[PDB]
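1. Once you've seen the sequence and the experimental structure below, I've got questions.
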Amino acid sequence: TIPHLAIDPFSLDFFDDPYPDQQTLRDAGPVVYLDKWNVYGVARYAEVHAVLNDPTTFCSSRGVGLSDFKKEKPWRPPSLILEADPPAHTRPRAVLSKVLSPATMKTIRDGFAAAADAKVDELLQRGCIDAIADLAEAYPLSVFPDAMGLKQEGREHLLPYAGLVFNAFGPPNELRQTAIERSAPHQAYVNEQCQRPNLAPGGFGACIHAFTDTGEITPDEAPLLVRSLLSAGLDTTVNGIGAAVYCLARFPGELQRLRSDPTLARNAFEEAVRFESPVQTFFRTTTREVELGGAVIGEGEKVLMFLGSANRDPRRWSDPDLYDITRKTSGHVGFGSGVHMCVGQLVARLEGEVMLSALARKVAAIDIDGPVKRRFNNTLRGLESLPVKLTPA
Ligand code: HEM
Ligand SMILES: O=C(O)c1ccc(-c2ccsc2)cc1
Ligand SMILES: [Cl-]
């Protein structure tokens, strides 16, 4: 009934070009079994959406990586939000929602936009740049650690720590075990910055700690919630912005549309998130026997969702493999869906928007002018190096 496939979605060959294998996964059936890792897989939009939106049956408290916390010890203490289910999830979620609220975006937008404009001006002086190190990495590094309230010293630990976190959702392959063995100094730095005294006034970190007064979280919960933002808040946006620039570089017609109407910047970024899907995959664990897509899955089984695949499923999208900055993007699952849907999505969109706005207003052309190199991660899709020439408007 359920087809079995030998495809390894965490292999380097798969990362290098996942799209043919993703079609194979979609077309095999609504539910497949991945013999390589003994997990169920869903790669169509319909089933990915269904799983995300039934948190009771498809839980997160047994981990959203391959590892089942009921069987193995988590590599770090569980996240109070990502790796929790309702009701435990609900109050910590509400706190991060308020910390990263619509109202909060007003306090940081001017600074984020200024830094984006400044970066693009700086890059135009050089002309030929690496759109990863010099833009996709440099810009979020120039605004997010400050918005968190982090000191300057030690920030070089942030991207390695995030790479570790997202590799750790994967199976115990080489990527994962190498990350974990190098992890000690990054964990030590991050855990220390989570303490209240080390987070500057007015920043996201201080604001989380300030909520420990209200009855929503206790003081001992605040450091792990800061840890969530230091885990999920930087490397994701690096790959999202990298994705957007890569799309504009490959699809010059869309850059030209963006230049002609810079107010398309926000949707151009959203479409980039759909099109590349910086977060490719993660898991749920079944809490009961369940019927999904006409198949029966037993209790305590890992289910691997292919978010990137769902975002290219022709059953849901017209011309899924085209980058279209005026596409109706609502419903894409690049930020997830349901109760765990990215709590930081307003920050992500703000960064993406103001950077694409800067490019739209200041840059006439983006031409790849060197070898493109991919960055491999069990969960994240993105580039290591993207040599481009920027032509000023
Ligand atoms: C382009 C950038 C981003 C992408 C693609 C992205 C993607 C996602 C996805 C797919 C989830 C769902 C996980 C699940 O359902 O198990 C998620 C959750 C989460 N994200 Fe984002 N994210 C991004 C940026 C951010 C930022 C900027 C922050 C914080 C400042 C952040 C913090 C979080 C947190 C704390 C969760 C857990 C929410 C929950 O479990 O309720 N992320 N993200
Ligand atoms: O709470 C945290 O530490 C945390 C929250 C979310 C992610 C994530 C995973 C797949 S997409 C976004 C990672 C870590
Ligand atoms: Cl840690």
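-> Sure thing, it's come through. Numbers count the residues shown, from 1 in each chain. Ligands and ions are numbered 1, 2, ... in the order given.
2. what about stretch 117-136, distance to the chain center?
-> What separates the centre of stretch 117-136 from the centre of its chain is 23 Å, taken as C-alpha atoms, centre = their mean, to the nearest Å.
3. oh sorry, the question was meant for stretch 196-214
-> Mean C-alpha position of stretch 196-214 versus that of the full chain (C-alpha atoms, centre = their mean) differs by 24 Å.
4. Dump stretch 241-252 to PDB, keeping only the CA atoms.
-> Written as PDB, here are the backbone C-alpha positions of stretch 241-252 (Å, rounded to 0.1, in the frame of the first residue of the first chain):
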ATOM      1  CA  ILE A 241      17.900  36.800   1.800                       C
ATOM      2  CA  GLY A 242      20.500  34.700   0.000                       C
ATOM      3  CA  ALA A 243      17.600  32.900  -1.700                       C
ATOM      4  CA  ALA A 244      16.100  36.200  -2.800                       C
ATOM      5  CA  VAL A 245      19.300  37.600  -4.300                       C
ATOM      6  CA  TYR A 246      19.900  34.300  -6.000                       C
ATOM      7  CA  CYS A 247      16.400  34.400  -7.500                       C
ATOM      8  CA  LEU A 248      16.900  38.000  -8.700                       C
ATOM      9  CA  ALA A 249      20.200  37.100 -10.100                       C
ATOM     10  CA  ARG A 250      18.800  34.100 -12.100                       C
ATOM     11  CA  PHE A 251      15.600  35.800 -13.200                       C
ATOM     12  CA  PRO A 252      16.600  39.300 -14.500                       C
END
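5. mind listing what's buried in it?
-> 241-249, 251 (16 or more other C-beta atoms under 10 Å). All C-beta spots, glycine's among them, are computed from the backbone N, C-alpha and C.
6. Check those against ligand 2 and report the nearest one.
-> Looking at the buried residues of stretch 241-252 and their distance to ligand 2, the nearest is residue 243, at 14.3 Å (C-beta to the nearest ligand atom).
7. Spatially nearest residue to that closest one, not counting backbone neighbours?
-> Spatial nearest neighbour of residue 243, excluding adjacent residues (C-beta to C-beta, 6 or more residues apart in numbering): residue 276 at 3.6 Å.
8. Please name the residues that touch that neighbour.
-> Neighbour list for residue 276: 239-240, 243, 246-247, 308, 381-382 [criterion: C-beta atoms under 8 Å, 6 or more residues apart in numbering].
9. Mind putting the residues you listed into TSV with secondary structure and distance to residue 315?
-> Output for these, formatted as TSV (DSSP: H, G, I helix; E, B strand; the rest coil; distance: C-beta to C-beta, whole Å):
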residue	secondary structure	distance to residue 315
239	helix	26
240	helix	25
243	helix	23
246	helix	26
247	helix	23
308	helix	15
381	coil	21
382	strand	26
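10. check these against ligand 1, which are close?
-> Subset of the contacts of residue 276 in contact with ligand 1: residue 240, counting by C-beta under 6 Å from any ligand atom.
11. Is it possible to get TSV of the contacts of residue 276 that adds distance to ligand 2?
-> Below are the contacts of residue 276 laid out as TSV (distance: C-beta to the nearest ligand atom, whole Å):
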residue	distance to ligand 2
239	11
240	11
243	14
246	20
247	20
308	12
381	12
382	13
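12. What is the nearest of the contacts of residue 276 to ligand 1?
-> Proximity of the contacts of residue 276 to ligand 1 (C-beta to the nearest ligand atom) peaks at residue 240, which lies at 2.9 Å.
13. I figured the closest one hits residue 272, correct?
-> Yes - with contacts counted by C-beta atoms under 8 Å, residue 240 reaches residue 272, the gap being 6.7 Å.
14. Mutual contacts of the two, please.
-> Going by C-beta under 8 Å, 6+ apart, residues that sit against residue 240 and also against residue 272 are residue 352.
15. Which residues in the longest helix seen in the chain does the neighbour count mark as buried?
-> The longest helix of the chain (DSSP state H) is helix 102-126. By 16+ other C-beta under 10 Å, the buried positions in helix 102-126 come out as 104, 108, 112-113, 115-117, 119-120, 123.
16. Many thanks, have a good one.
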